[PDB]
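What follows is the content of start.csv (CSV, C-alpha atoms).
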```
chain,number,residue,atom,x,y,z
A,132,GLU,CA,-19.9,5.6,-23.1
A,133,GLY,CA,-17.2,3.4,-21.7
A,134,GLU,CA,-16.2,-0.1,-20.6
A,135,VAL,CA,-19.0,-2.3,-19.3
A,136,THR,CA,-17.7,-4.0,-16.1
A,137,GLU,CA,-20.8,-5.9,-15.1
A,138,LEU,CA,-24.3,-6.9,-16.4
A,139,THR,CA,-26.7,-7.6,-13.5
A,140,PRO,CA,-30.4,-8.1,-14.4
A,141,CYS,CA,-32.6,-7.6,-11.4
A,151,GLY,CA,-43.6,-14.2,-12.9
A,152,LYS,CA,-40.0,-13.1,-13.3
A,153,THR,CA,-39.1,-11.4,-16.6
A,154,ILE,CA,-36.7,-8.5,-16.2
A,155,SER,CA,-37.4,-5.5,-13.9
A,156,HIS,CA,-34.2,-3.6,-14.6
A,157,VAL,CA,-30.6,-4.2,-15.7
A,158,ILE,CA,-27.7,-2.8,-13.7
A,159,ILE,CA,-24.8,-1.7,-15.9
A,160,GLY,CA,-21.5,-0.2,-14.9
A,161,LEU,CA,-19.3,2.1,-17.0
A,162,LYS,CA,-15.6,2.8,-16.4
A,163,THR,CA,-13.4,5.4,-18.1
A,164,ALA,CA,-10.1,7.0,-17.3
A,165,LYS,CA,-12.0,10.1,-16.1
A,166,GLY,CA,-14.2,8.2,-13.7
A,167,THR,CA,-16.8,5.5,-13.1
A,168,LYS,CA,-20.5,5.7,-13.2
A,169,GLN,CA,-23.5,3.2,-12.9
A,170,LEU,CA,-26.8,3.2,-14.8
A,171,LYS,CA,-29.9,1.1,-14.6
A,172,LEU,CA,-31.6,0.3,-17.9
A,173,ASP,CA,-34.8,-1.1,-19.2
A,174,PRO,CA,-35.3,-4.5,-20.9
A,175,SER,CA,-35.8,-2.8,-24.3
A,176,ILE,CA,-32.3,-1.2,-24.4
A,177,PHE,CA,-31.0,-4.4,-22.7
A,178,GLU,CA,-32.5,-6.3,-25.6
A,179,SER,CA,-30.6,-4.0,-27.9
A,180,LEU,CA,-27.4,-4.8,-26.0
A,181,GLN,CA,-28.2,-8.5,-26.2
A,182,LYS,CA,-28.7,-8.1,-29.9
A,183,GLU,CA,-25.3,-6.3,-30.0
A,184,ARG,CA,-23.7,-9.3,-28.0
A,185,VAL,CA,-22.5,-6.9,-25.3
A,186,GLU,CA,-20.4,-8.7,-22.7
A,187,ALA,CA,-18.3,-7.7,-19.6
A,188,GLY,CA,-15.3,-5.8,-20.8
A,189,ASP,CA,-16.8,-4.2,-23.9
A,190,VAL,CA,-16.6,-0.4,-24.6
A,191,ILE,CA,-20.0,0.8,-25.7
A,192,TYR,CA,-21.6,4.1,-26.8
A,193,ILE,CA,-25.2,4.9,-25.8
A,194,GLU,CA,-27.2,8.1,-26.3
A,195,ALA,CA,-30.0,8.9,-23.9
A,196,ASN,CA,-32.2,10.8,-26.3
B,32,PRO,CA,12.5,7.7,25.8
B,33,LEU,CA,13.9,5.7,22.9
B,34,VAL,CA,11.8,5.1,19.8
B,35,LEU,CA,12.7,1.7,18.1
B,36,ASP,CA,11.3,1.1,14.6
B,37,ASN,CA,12.2,-2.5,13.5
B,38,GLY,CA,11.9,-3.0,9.7
B,39,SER,CA,12.6,-6.0,7.6
B,40,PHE,CA,15.8,-4.6,5.9
B,41,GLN,CA,16.5,-1.6,8.1
B,42,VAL,CA,16.0,-0.7,11.8
B,43,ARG,CA,15.8,2.9,12.9
B,44,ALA,CA,16.3,3.9,16.6
B,45,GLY,CA,16.2,7.3,18.1
B,46,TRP,CA,15.2,9.4,21.1
B,58,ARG,CA,18.9,9.0,15.1
B,59,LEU,CA,20.7,5.8,14.1
B,60,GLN,CA,19.5,3.5,11.3
B,61,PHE,CA,21.3,0.3,10.4
B,62,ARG,CA,20.7,-2.8,8.3
B,63,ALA,CA,18.8,-5.7,9.9
B,64,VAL,CA,21.3,-8.3,8.6
B,65,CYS,CA,23.3,-9.8,11.4
B,96,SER,CA,18.1,-11.0,8.9
B,97,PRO,CA,15.8,-11.6,12.0
B,98,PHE,CA,12.8,-10.0,10.3
B,99,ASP,CA,11.6,-11.8,7.1
B,100,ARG,CA,8.4,-10.7,5.4
B,101,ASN,CA,8.1,-8.0,8.2
B,102,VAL,CA,7.5,-10.8,10.8
B,103,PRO,CA,10.6,-11.3,12.9
B,104,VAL,CA,11.8,-14.9,12.7
B,105,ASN,CA,14.6,-14.6,15.3
B,106,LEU,CA,14.1,-13.5,18.9
B,107,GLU,CA,17.8,-13.9,19.7
B,108,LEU,CA,18.8,-11.8,16.7
B,109,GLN,CA,16.1,-9.3,17.4
B,110,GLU,CA,17.3,-8.9,21.0
B,111,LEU,CA,20.8,-8.6,19.8
B,112,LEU,CA,19.8,-5.8,17.4
B,113,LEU,CA,18.0,-4.2,20.3
B,114,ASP,CA,21.0,-4.4,22.6
B,115,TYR,CA,23.3,-3.1,19.9
B,116,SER,CA,20.8,-0.3,19.2
B,117,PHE,CA,20.9,0.6,23.0
B,118,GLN,CA,24.7,0.5,23.0
B,119,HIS,CA,24.8,2.7,20.0
B,120,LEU,CA,22.2,4.9,21.7
B,121,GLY,CA,24.6,5.2,24.7
B,122,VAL,CA,22.4,4.0,27.5
B,123,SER,CA,24.1,4.5,30.9
B,124,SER,CA,23.1,1.1,32.5
B,125,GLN,CA,24.3,-2.2,31.0
B,126,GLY,CA,20.9,-3.1,29.7
B,127,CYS,CA,18.5,-0.3,28.6
B,128,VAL,CA,16.4,0.6,31.7
B,129,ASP,CA,16.1,4.3,32.6
B,130,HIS,CA,14.2,5.4,29.5
B,131,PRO,CA,10.8,4.2,28.1
B,132,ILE,CA,11.1,2.2,24.9
B,133,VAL,CA,8.8,2.0,21.9
B,134,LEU,CA,8.8,-0.9,19.4
B,135,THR,CA,7.2,-0.9,16.0
B,136,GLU,CA,4.9,-3.8,15.2
B,137,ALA,CA,4.4,-5.1,11.7
B,138,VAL,CA,0.9,-5.7,10.3
B,139,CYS,CA,-0.4,-9.0,11.8
B,140,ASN,CA,2.5,-9.3,14.1
B,141,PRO,CA,2.8,-12.8,15.8
B,142,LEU,CA,1.3,-13.0,19.3
B,143,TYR,CA,3.8,-15.7,20.2
B,144,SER,CA,6.7,-13.5,19.0
B,145,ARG,CA,5.2,-10.7,21.1
B,146,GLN,CA,5.0,-12.9,24.1
B,147,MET,CA,8.5,-14.3,23.8
B,148,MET,CA,10.0,-10.9,23.1
B,149,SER,CA,8.0,-9.5,26.0
B,150,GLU,CA,9.1,-12.2,28.5
B,151,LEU,CA,12.8,-12.1,27.3
B,152,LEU,CA,12.7,-8.3,27.2
B,153,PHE,CA,11.3,-8.0,30.7
B,154,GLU,CA,13.5,-10.7,32.3
B,155,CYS,CA,16.6,-9.7,30.3
B,156,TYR,CA,16.6,-6.1,29.4
B,157,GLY,CA,14.4,-4.9,32.2
B,158,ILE,CA,13.4,-1.5,30.8
B,159,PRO,CA,11.4,0.8,33.2
B,160,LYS,CA,8.6,1.2,30.6
B,161,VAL,CA,7.8,-0.2,27.2
B,162,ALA,CA,5.1,0.3,24.5
B,163,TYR,CA,4.0,-0.9,21.1
B,164,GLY,CA,3.3,1.3,18.1
B,165,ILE,CA,2.7,1.2,14.3
B,166,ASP,CA,4.9,2.9,11.8
B,167,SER,CA,1.9,3.6,9.5
B,168,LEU,CA,0.0,5.1,12.4
B,169,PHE,CA,2.9,7.3,13.4
B,170,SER,CA,3.5,8.4,9.8
B,171,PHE,CA,-0.2,9.0,9.3
B,172,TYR,CA,-0.4,11.0,12.5
B,173,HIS,CA,2.6,13.1,11.4
B,174,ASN,CA,1.1,13.6,7.9
B,175,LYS,CA,-2.3,14.6,9.2
B,176,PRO,CA,-2.7,18.4,10.0
B,177,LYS,CA,-4.5,17.5,13.3
B,178,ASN,CA,-2.9,14.7,15.4
B,179,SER,CA,-6.3,14.0,17.0
B,180,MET,CA,-8.2,12.8,13.8
B,181,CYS,CA,-6.6,10.6,11.2
B,182,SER,CA,-8.5,9.2,8.2
B,183,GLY,CA,-8.0,7.9,4.7
B,184,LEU,CA,-6.4,4.8,3.1
B,185,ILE,CA,-2.8,4.5,4.0
B,186,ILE,CA,-0.3,2.8,1.6
B,187,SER,CA,3.0,1.7,3.3
B,188,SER,CA,5.7,0.3,1.1
B,189,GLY,CA,8.2,-1.7,3.1
B,190,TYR,CA,11.3,-3.7,2.2
B,191,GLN,CA,10.0,-7.3,2.4
B,192,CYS,CA,6.3,-6.5,2.4
B,193,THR,CA,3.8,-3.8,1.3
B,194,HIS,CA,0.8,-3.1,3.5
B,195,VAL,CA,-2.1,-0.8,2.5
B,196,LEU,CA,-5.0,-0.4,5.0
B,197,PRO,CA,-7.7,2.2,5.4
B,198,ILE,CA,-8.2,4.1,8.7
B,199,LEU,CA,-11.3,5.9,10.0
B,200,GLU,CA,-12.5,7.6,13.2
B,201,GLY,CA,-8.9,7.1,14.6
B,202,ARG,CA,-8.8,3.3,14.6
B,203,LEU,CA,-7.5,1.1,11.8
B,204,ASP,CA,-9.8,-1.4,10.2
B,205,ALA,CA,-8.3,-4.9,10.3
B,206,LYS,CA,-10.8,-6.3,7.8
B,207,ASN,CA,-9.8,-3.9,5.0
B,208,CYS,CA,-6.1,-4.3,5.6
B,209,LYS,CA,-4.1,-5.6,2.6
B,210,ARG,CA,-0.7,-7.3,2.8
B,211,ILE,CA,1.7,-8.0,-0.1
B,212,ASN,CA,4.7,-10.3,0.1
B,213,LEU,CA,6.6,-8.4,-2.6
B,214,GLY,CA,8.7,-5.5,-1.7
B,215,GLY,CA,11.7,-3.3,-2.6
B,216,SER,CA,14.2,-5.9,-1.4
B,217,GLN,CA,12.9,-8.5,-3.8
B,218,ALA,CA,12.5,-5.9,-6.5
B,219,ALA,CA,16.2,-4.9,-6.1
B,220,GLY,CA,17.2,-8.5,-6.1
B,221,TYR,CA,15.2,-9.1,-9.3
B,222,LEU,CA,16.7,-6.0,-10.9
B,223,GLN,CA,20.2,-7.3,-10.0
B,224,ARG,CA,19.2,-10.6,-11.5
B,225,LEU,CA,18.0,-9.1,-14.8
B,226,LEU,CA,21.1,-6.9,-15.0
B,227,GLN,CA,23.1,-10.0,-14.1
B,228,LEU,CA,21.5,-11.9,-17.0
B,229,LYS,CA,22.1,-8.9,-19.3
B,230,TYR,CA,25.9,-9.4,-19.4
B,231,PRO,CA,28.0,-12.0,-17.7
B,232,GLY,CA,30.8,-9.6,-16.7
B,233,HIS,CA,28.5,-6.8,-15.6
B,234,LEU,CA,27.1,-9.1,-12.8
B,235,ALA,CA,30.5,-9.5,-11.1
B,236,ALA,CA,31.5,-5.9,-11.8
B,237,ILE,CA,28.4,-4.4,-10.1
B,238,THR,CA,27.5,-5.4,-6.5
B,239,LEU,CA,23.9,-6.1,-5.6
B,240,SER,CA,23.8,-3.3,-3.1
B,241,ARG,CA,25.4,-0.9,-5.5
B,242,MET,CA,22.9,-1.8,-8.2
B,243,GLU,CA,20.1,-1.3,-5.6
B,244,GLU,CA,21.4,2.2,-4.8
B,245,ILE,CA,21.8,2.9,-8.6
B,246,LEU,CA,18.2,1.7,-9.0
B,247,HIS,CA,17.2,4.0,-6.2
B,248,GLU,CA,18.7,7.1,-7.6
B,249,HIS,CA,18.7,6.5,-11.4
B,250,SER,CA,15.2,4.8,-11.7
B,251,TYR,CA,11.7,6.4,-11.4
B,252,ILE,CA,8.1,5.2,-11.8
B,253,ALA,CA,6.6,6.4,-15.1
B,254,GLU,CA,3.1,7.8,-15.1
B,255,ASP,CA,2.0,5.9,-18.2
B,256,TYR,CA,3.6,2.5,-18.8
B,257,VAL,CA,2.4,2.5,-22.4
B,258,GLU,CA,4.0,5.9,-23.0
B,259,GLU,CA,7.2,4.8,-21.4
B,260,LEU,CA,7.8,1.9,-23.8
B,261,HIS,CA,6.8,4.2,-26.7
B,262,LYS,CA,9.4,6.8,-25.5
B,263,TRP,CA,12.1,4.1,-25.2
B,264,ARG,CA,11.7,3.0,-28.8
B,265,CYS,CA,12.4,6.5,-30.2
B,266,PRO,CA,15.9,7.5,-31.4
B,267,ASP,CA,16.2,9.8,-28.3
B,268,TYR,CA,16.7,7.5,-25.3
B,269,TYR,CA,17.2,8.2,-21.6
B,270,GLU,CA,20.4,6.3,-21.4
B,271,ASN,CA,21.4,6.4,-17.8
B,272,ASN,CA,25.1,5.6,-17.5
B,273,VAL,CA,26.9,5.2,-14.2
B,443,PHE,CA,24.7,1.0,-19.7
B,444,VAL,CA,21.2,1.1,-18.0
B,445,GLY,CA,18.3,1.0,-20.4
B,446,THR,CA,14.5,1.1,-19.9
B,447,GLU,CA,15.0,-1.6,-17.2
B,448,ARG,CA,15.3,1.3,-14.7
B,449,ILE,CA,11.6,2.1,-15.1
B,450,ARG,CA,10.7,-1.5,-15.9
B,451,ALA,CA,12.1,-2.9,-12.6
B,452,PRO,CA,10.1,-0.4,-10.4
B,453,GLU,CA,7.0,-1.2,-12.5
B,454,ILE,CA,6.8,-4.6,-10.7
B,455,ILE,CA,5.3,-2.8,-7.7
B,456,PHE,CA,2.1,-1.7,-9.5
B,457,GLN,CA,2.2,-4.8,-11.8
B,458,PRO,CA,2.1,-8.1,-10.0
B,459,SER,CA,2.3,-10.2,-13.2
B,460,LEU,CA,5.8,-8.8,-14.0
B,461,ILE,CA,7.5,-10.7,-11.2
B,462,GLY,CA,5.5,-13.9,-11.8
B,463,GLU,CA,3.3,-13.5,-8.7
B,464,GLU,CA,-0.3,-14.5,-8.6
B,465,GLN,CA,-1.5,-11.5,-6.6
B,466,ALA,CA,-4.3,-9.5,-8.1
B,467,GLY,CA,-2.8,-6.0,-7.8
B,468,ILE,CA,-3.1,-2.6,-6.2
B,469,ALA,CA,-6.0,-1.5,-8.4
B,470,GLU,CA,-7.9,-4.7,-7.6
B,471,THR,CA,-7.0,-4.2,-3.9
B,472,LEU,CA,-8.4,-0.7,-4.0
B,473,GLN,CA,-11.5,-1.7,-5.9
B,474,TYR,CA,-12.3,-4.7,-3.7
B,475,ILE,CA,-11.4,-2.7,-0.6
B,476,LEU,CA,-13.6,0.3,-1.5
B,477,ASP,CA,-16.4,-1.9,-2.9
B,478,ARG,CA,-17.4,-3.5,0.4
B,479,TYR,CA,-17.1,-0.2,2.4
B,480,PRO,CA,-19.8,2.4,2.6
B,481,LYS,CA,-19.9,5.3,0.1
B,482,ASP,CA,-19.5,7.9,2.8
B,483,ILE,CA,-16.0,6.9,3.8
B,484,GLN,CA,-14.8,6.8,0.2
B,485,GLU,CA,-14.6,10.6,0.0
B,486,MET,CA,-12.2,10.8,3.0
B,487,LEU,CA,-10.3,7.7,1.8
B,488,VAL,CA,-9.7,9.4,-1.5
B,489,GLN,CA,-9.2,12.8,0.2
B,490,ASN,CA,-6.3,11.5,2.3
B,491,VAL,CA,-3.7,9.0,1.0
B,492,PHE,CA,-0.4,8.5,2.9
B,493,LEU,CA,2.7,7.1,1.4
B,494,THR,CA,5.7,6.3,3.6
B,495,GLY,CA,8.7,4.1,3.8
B,496,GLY,CA,12.0,3.7,1.9
B,497,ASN,CA,10.3,1.8,-1.0
B,498,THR,CA,8.2,4.9,-1.8
B,499,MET,CA,11.3,7.1,-2.4
B,500,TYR,CA,11.0,6.4,-6.2
B,501,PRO,CA,10.2,9.6,-8.1
B,502,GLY,CA,6.9,9.9,-10.0
B,503,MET,CA,5.1,7.4,-7.7
B,504,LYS,CA,2.9,10.2,-6.3
B,505,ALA,CA,1.9,11.5,-9.7
B,506,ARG,CA,1.3,8.0,-11.1
B,507,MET,CA,-0.7,7.0,-8.0
B,508,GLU,CA,-2.7,10.2,-8.3
B,509,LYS,CA,-3.5,9.5,-12.0
B,510,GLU,CA,-4.3,5.9,-11.4
B,511,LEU,CA,-6.3,6.6,-8.3
B,512,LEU,CA,-8.2,9.4,-10.0
B,513,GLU,CA,-8.8,7.1,-13.0
B,514,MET,CA,-10.2,4.3,-10.8
B,515,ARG,CA,-12.2,6.6,-8.5
B,516,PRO,CA,-15.5,8.2,-9.6
B,517,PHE,CA,-15.6,11.5,-11.5
B,518,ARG,CA,-17.3,13.3,-8.6
B,519,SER,CA,-14.9,12.0,-5.9
B,520,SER,CA,-11.7,13.9,-5.6
B,521,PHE,CA,-8.5,11.9,-5.1
B,522,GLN,CA,-5.6,13.5,-3.2
B,523,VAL,CA,-2.3,11.8,-2.4
B,524,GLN,CA,-0.4,13.2,0.6
B,525,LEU,CA,3.4,12.8,0.8
B,526,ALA,CA,5.2,14.1,3.9
B,527,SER,CA,8.3,16.2,3.6
B,528,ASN,CA,10.2,13.5,5.5
B,529,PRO,CA,8.3,10.3,4.7
B,530,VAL,CA,11.4,8.1,5.4
B,531,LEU,CA,11.7,9.4,9.0
B,532,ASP,CA,8.0,10.1,9.4
B,533,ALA,CA,7.6,6.9,11.4
B,534,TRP,CA,10.3,7.8,13.9
B,535,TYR,CA,8.9,11.4,14.1
B,536,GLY,CA,5.4,10.2,14.8
B,537,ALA,CA,6.6,7.7,17.3
B,538,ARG,CA,8.7,10.4,19.0
B,539,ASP,CA,5.6,12.6,19.2
B,540,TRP,CA,3.3,9.8,20.5
B,541,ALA,CA,6.0,9.0,23.1
B,542,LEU,CA,6.3,12.7,23.8
B,543,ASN,CA,2.6,13.1,24.6
B,544,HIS,CA,2.1,12.7,28.3
B,545,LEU,CA,-1.4,11.3,28.3
B,546,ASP,CA,-0.7,9.1,25.3
B,547,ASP,CA,2.4,7.7,27.0
B,548,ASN,CA,0.4,7.1,30.2
B,549,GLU,CA,-2.5,5.2,28.5
B,550,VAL,CA,-0.4,3.6,25.7
B,551,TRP,CA,2.5,2.7,28.0
B,552,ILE,CA,2.4,-0.8,29.5
B,553,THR,CA,4.6,-1.8,32.4
B,554,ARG,CA,6.6,-5.0,32.3
B,555,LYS,CA,5.3,-6.3,35.7
B,556,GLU,CA,1.7,-5.5,34.9
B,557,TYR,CA,2.1,-6.7,31.3
B,558,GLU,CA,3.4,-10.0,32.6
B,559,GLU,CA,0.4,-10.7,34.8
B,560,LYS,CA,-2.2,-9.3,32.3
B,561,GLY,CA,-0.4,-10.9,29.4
B,562,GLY,CA,0.2,-9.7,25.8
B,563,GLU,CA,-3.5,-9.2,25.3
B,564,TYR,CA,-3.3,-5.8,27.0
B,565,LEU,CA,-0.9,-4.4,24.4
B,566,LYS,CA,-2.6,-6.4,21.7
B,567,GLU,CA,-6.0,-4.8,22.5
```
Render the structure in this file as structure tokens.
Amino acid sequence: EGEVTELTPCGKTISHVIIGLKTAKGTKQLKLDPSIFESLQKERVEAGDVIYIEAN
Amino acid sequence: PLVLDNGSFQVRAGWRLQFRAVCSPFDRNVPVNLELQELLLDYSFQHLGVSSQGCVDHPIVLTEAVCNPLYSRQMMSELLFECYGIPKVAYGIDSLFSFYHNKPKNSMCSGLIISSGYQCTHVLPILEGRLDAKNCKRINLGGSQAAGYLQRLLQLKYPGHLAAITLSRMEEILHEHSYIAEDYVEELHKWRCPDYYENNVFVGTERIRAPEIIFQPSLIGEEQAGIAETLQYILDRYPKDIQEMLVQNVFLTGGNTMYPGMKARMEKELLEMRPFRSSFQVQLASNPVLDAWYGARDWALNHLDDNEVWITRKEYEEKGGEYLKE
């Protein structure tokens, strides 16, 4: 969970989506699949939005 | 050997004596007056008690600001060799001297150094023992413009309080009575309560609000990004291996860094911007004000460093300023 700094998606489609997360305790980066990226696009997630995601 | 550190507001000479640069030959850390600079050098030698008319018998060191002008170095070198005629001369950096004094080993120096000066603030990383000029960051704001802006706000507070309090006295009262808060959001919340700081020499929250212009560029109206954006953009293009040492060693020197709480606020902000695994440690020397003169006195004290670093006037005239520049 945390603030999303960037959204970087990388015969085209989407191979993976690079997503950063920034909190007062540190910053981490995750690469996600087009399914959960489709969930984010349905949630209208944009740069600067604090999101909560469970891995399981 | 005399160590000469020429700052925008203040100049410190030693082997001891620090004085104001107002005669101001150095504006935005770049000296704009060679005649006034040479006059301050001659007055510093007369105050140092040199035996000869012009300073000769001792090797001299001269601090060079970040991105110092090569034309100013050439004019000061020609006028210094033809006029002063010192037996030996060398160039040095106050941030490199203070970093060498702050490091436990004088051989190796690493980490991002943040130097807060009077007319400018320069933060540059250093690795392997040589400073990277690509990652160097300069800031036109400084403690002089911050003190002038504080005297302007306090001048607009009351009409009679402006003529009653001098600008320099308000700058010293802002040096002693003002500190940098760790949380700017908690500071304004603490100022609204019935219990107030109330520093009386009445000074309100503007004590902590005026020093906040260093970490907040938008407070003074400047268009600069900021220190957090400078650290993120500076550490983004660099490799991930040097980030551990850059966060492991952070040096803060200069008179503008004397504000209390700046080390804790810089440690909290740096630890917040850095990754959770990376450990951020800010290093503050016991004498950060004189750390530049101490490091310059040690670099001039080392025999091999004085032989290699020292450049003669006659050989420096034939080879040019590129010898000391490179």
**Q.** Within 9 Å of chain B: residues of chain A, using all atoms listed in the file, as a PyMOL selection string
**A.** chain A and resi 162-168
Would you write out those residues with C-alpha atoms, as a PDB file, keeping the file's coordinate frame?
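Final output, saved to again04.pdb:
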```pdb
ATOM      1  CA  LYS A 162     -15.600   2.800 -16.400  1.00  0.00           C
ATOM      2  CA  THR A 163     -13.400   5.400 -18.100  1.00  0.00           C
ATOM      3  CA  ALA A 164     -10.100   7.000 -17.300  1.00  0.00           C
ATOM      4  CA  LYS A 165     -12.000  10.100 -16.100  1.00  0.00           C
ATOM      5  CA  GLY A 166     -14.200   8.200 -13.700  1.00  0.00           C
ATOM      6  CA  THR A 167     -16.800   5.500 -13.100  1.00  0.00           C
ATOM      7  CA  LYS A 168     -20.500   5.700 -13.200  1.00  0.00           C
TER       8      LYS A 168
END
```
Q) What is the atom CA of residue B:132-atom CA of residue B:32 distance in Å, reported with one decimal? A)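 So the two atoms, atom CA of residue B:132 and atom CA of residue B:32, lie 5.7 Å apart.
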Q: Quick one: residues within 12 Å of (-7.8, -6.4, -3.7) (file frame), counting all atoms listed in the file, please, as a list in words.
A: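 In the file's frame, the residues around the point are residues 194, 195, 196, 206, 207, 208, 209, 210, 211, 458, 465, 466, 467, 468, 469, 470, 471, 472, 473, 474, 475, 476, 477 and 478 of chain B.
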Q. Which residues, written as number ranges by chain, have at least one atom at most 12 Å from residue A:159, with only C-alpha atoms counted and residues fewer than 3 positions away on the same chain left out?
A. A: 132-141, 156, 162, 167-174, 176-177, 180, 185-189, 191, 193
Q: Counting only C-alpha atoms, figure out which residue out of B:193, B:96, B:548, B:109 gets nearest to residue B:213.
A: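 Closest to residue B:213 of all the choices is B:193.
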Q: Write out as number ranges by chain which residues come within 9 Å of residue B:524 when counting only C-alpha atoms, dropping same-chain ones fewer than 6 positions away.
A: B: 174-175, 489-493, 504
Q | Atomic distance atom CA of residue B:551 - atom CA of residue B:532, expressed in Å with one decimal | A |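 Interatomic distance here is 20.8 Å.
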Q: Would you work out the distance separating atom CA of residue B:152 from atom CA of residue B:534, expressed in Å to one decimal?
A: 21.0 Å
(Q) Would you pick out the contacts of residue B:148 at 10 Å or less, using all atoms listed in the file, so that residues sharing its chain but fewer than 6 positions from it are not included, and give the list as a list in words? (A)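 Surrounding residues, per the criterion: residues 105, 106, 107, 109, 110, 142, 154 and 155 of chain B.
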(Q) I'd like the contact shell of residue B:167 - 8 Å cut-off, all atoms listed in the file, skipping same-chain residues fewer than 4 positions apart - returned as a list in words. (A)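 Skipping anything fewer than 4 positions along the chain leaves residues 171, 185, 187, 494 and 533 of chain B.
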Q: Would you list the contacts of stretch 255-264 of chain B as a count of residues only, taking every protein, DNA or RNA residue within 9 Å and counting all atoms listed in the file, but skipping same-chain residues closer than 2 positions in sequence?
A: 12
